[PDB]
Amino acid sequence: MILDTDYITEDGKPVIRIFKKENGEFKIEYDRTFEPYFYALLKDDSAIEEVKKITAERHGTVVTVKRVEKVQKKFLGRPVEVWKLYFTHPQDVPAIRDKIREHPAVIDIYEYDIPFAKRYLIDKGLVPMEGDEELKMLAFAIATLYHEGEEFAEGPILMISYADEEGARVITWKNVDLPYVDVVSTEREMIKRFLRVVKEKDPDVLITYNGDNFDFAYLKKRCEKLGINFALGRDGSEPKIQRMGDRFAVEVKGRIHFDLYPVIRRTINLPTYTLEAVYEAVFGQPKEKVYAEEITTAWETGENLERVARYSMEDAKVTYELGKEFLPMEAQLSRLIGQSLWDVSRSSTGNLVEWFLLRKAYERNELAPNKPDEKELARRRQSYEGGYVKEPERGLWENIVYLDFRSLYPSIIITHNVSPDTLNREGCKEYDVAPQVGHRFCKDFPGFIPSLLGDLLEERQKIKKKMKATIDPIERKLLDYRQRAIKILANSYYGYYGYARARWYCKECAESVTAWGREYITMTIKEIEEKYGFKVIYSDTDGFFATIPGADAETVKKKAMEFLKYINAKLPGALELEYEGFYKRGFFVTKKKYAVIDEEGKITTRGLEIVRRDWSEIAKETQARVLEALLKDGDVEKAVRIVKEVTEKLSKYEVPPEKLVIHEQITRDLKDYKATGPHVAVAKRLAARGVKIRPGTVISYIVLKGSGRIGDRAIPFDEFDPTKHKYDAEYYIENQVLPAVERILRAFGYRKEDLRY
């Protein structure tokens, strides 16, 4: 299989490198013949002789057109012949493309900003990660000496650990009496030893947890101090550290640096993404954390080093175990997009969609539309109406079924052929007309994007059917994550239509999709209420909760299955209403906030404070105990006692202050905030002390006793000292606990006054 491709320049000419593993052997294939290009649409074929003469300059190098060939293409499905303009070197294209577009004989140009190595994979029909090849994998981690106030990597690496199918080991330069610890003379020899190990094992995949932003940058700084050529690459190169967005990413050439952190972060929803949290969520086993402060004290005092080495060994071990499960999931996605695992595992959803569409467009002889310029971008900044959200029938309900459309927005795109190459096309035999907004879509031929969603959706449902039949609960989660990733990808094609930077931008398409969605869900609600006697309790976009007032569970389930047969026979094309589940009881608070319990006793909660990273644990813990007392024990008096116990404890300063921490993300430069909430107030006091506040910084603060603005008396939890600081017990009662639980216990006749003291 193909692992990666890139290009190097040799005597001014590009050379593609294809990193392969075949029959257990690593190979590098070199292609010297592939040429960069873009397309020009000319006013007349005779003008090509002029265009061939246009020249540019880049760094004292004259740029010329190497050669041309005329080709038949389609633009949004309409045939058109264009000139493929070839060049000697990819950098020629940025240097000359404006001069060609400016030529009076040139109407427009296309596909002039495609990275060369990806262009090669598309045009050659090559797909990374295809085949039965078994890849060898190696995880690694590091332990460092840390002191507050120091620069990054001023202190040495203390241990380097690595794990694979054969076990886990730790390299260190102090004497630790553990069988898996290899003792070397110095930090320098420890790094050189790890390098030796990577070259001996020759792994196809290096697995880290956040190596993109910590491990490799730390190693590089230390290797710069120590004079080490850290040649982990299979071509003898050192790791290649590149900016990517607001952070960095690291390649190791000829292998795949698989950083688990970007994958996990976008696949699993956790409050924190410490390695220990991730391990426990995936495998159901605890992992102990040893903190930087303990590690430094152990190294300097020479005591309890065995515990640090064990912690370091366990980091590599669980990092290997995780990579073994998540690599095949991301390899599948890599095959579906047609790009390397390295790119796909780190890329925004927009880039995944666009790379997929560029390959498919090449397969179908379709020219890609261009990315918008600044002025077109400003023109694309109007919003449009979305899904319908019904105001819920508040309170406790029994014997609830949940019905929900299968992949609704993609199914609408498929069924009604919603696409910019079909929008208001004239002269067709058949049209579908979007409700409310009136846009017409021709049905005589499959639209570009509609024609591609079907395979995604059919793949997803195969995974879903296997998921629901999987005994192994770990394997079941992993299938869940796969089918969810395809779901979001498919839905992102709809969002792509309304994305201002999209090449296949079409706002008419996007608002037609949502308009159809609104008409389908309200029609479905009308039918189930009118013709089957249901009451719809709550509905959001494409699903709803409903019951038959006064009927038992068996009756509600039976009549819901009858309604599904009836409604699906009336729905056109790929539109299908699904049975998602039955809940013995449910409590609906507001739009987007409710909790249901199934017949096995499992509670599911949506939108409520329990699921929000930005509410205090004491409020979430209390709300969770209350929901359990209500939905599971049907015990209202108990839920009330729980609240009363909590408020009393808070009043008496008996709640641990850890449960009172509030977490809120900084999303922008501090200068750009118009409204200064508590987390920005704290952030501005830290910045004034020299702390590097950037977008993505989480502020973790606690509210101290006082009266005025909350931000005036919020401090970071780092600075909280229980001997000097009294937390604001009234704030956590009146601003956190009570609001969270009173919105629920109102339904049973309890005012806040009934829950205080």
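Residue numbers here begin at 1 and follow the sequence given. In this text, rigid core is short for the largest set of C-alphas that superpose within 1.5 Å between two forms.
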Higher-deviation segment by CA RMS in 5 other deposited structures of this protein, core fitted, 255 to 263 or 589 to 597: 589 to 597
Would you mind working out which of 472 to 480 and 164 to 172 sits farther from this form in 5 other deposited structures of this protein by RMS C-alpha distance, with the rigid core as the fit? 472 to 480
Out of 121 to 129 and 278 to 286, which stretch has the higher average CA B-factor listed in the record? 278 to 286
Decide which of the stretches 665 to 673 and 79 to 87 has the higher mean C-alpha B-factor, going by the entry. 665 to 673
Looking only at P328, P203, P369, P239, the Cα with the top B-factor belongs to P328
Which one of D404, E511, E426, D432 shows the biggest C-alpha B-factor in the PDB entry? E426
Entry-reported Cα temperature factor of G749, expressed as the chain third it lands in: highest
Split the chain's modelled residues into thirds by Cα B-factor; is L755 in the lowest, middle or highest one? highest
Ranked against its chain, the third holding the CA B-factor of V646: highest
Sorting the chain's modelled residues by C-alpha B-factor and splitting them into thirds places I567 in the middle
Select lowest, middle or highest to describe the third in which the CA B-factor of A40 falls within its chain in this entry. lowest
